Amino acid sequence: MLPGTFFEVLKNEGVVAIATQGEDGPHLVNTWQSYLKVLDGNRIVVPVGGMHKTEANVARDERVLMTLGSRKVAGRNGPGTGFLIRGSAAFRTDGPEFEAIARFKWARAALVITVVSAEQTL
């Protein structure tokens, strides 16, 4: 379901934001869009170093939001675009999904987001 424009965004560096439901409000953490590994079956894989609070939140409510964008990819009405992604999250520590981010020596886990929707919001 992830569109070509999203893959264009990934050719450019930028900050990714990942929102989870915490016990007293949202939580918000980051990765780099160059770190993202996209696998078939609508999966976005993020290398996890910290994200201990994020992981605890995901254990309670698997639903996450992710945003990312680039000034270098045209939106609907000018230069620059980005996406709101909604999906379900899981944390893997062995197997192919963990192996996907094993280029990152500092990683303790792989955050696997299975995308339910992707909305180009600009």
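In this text, residue numbers run from 1 along the sequence as written.
Enquirer: If you average the CA temperature factors as listed in the entry, which stretch comes out higher, 30-38 or 93-101?
Expert: 93-101 has the higher mean C-alpha B-factor.
Enquirer: Choose from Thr67, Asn77, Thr54, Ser70 the residue with the greatest Cα B-factor as stated in the PDB record.
Expert: That would be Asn77.
Enquirer: When the deposited Cα B-factors of this chain's modelled residues are ordered and cut into thirds, is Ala109 in the lowest, the middle or the highest one?
Expert: For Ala109, whose C-alpha B-factor we compare with every modelled residue in the chain, the answer is the middle third.
Enquirer: Quick check for you: using the entry's CA B-factors within this chain, is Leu84 in the lowest, middle or highest third?
Expert: Its C-alpha B-factor belongs to the lowest third of this chain's values.
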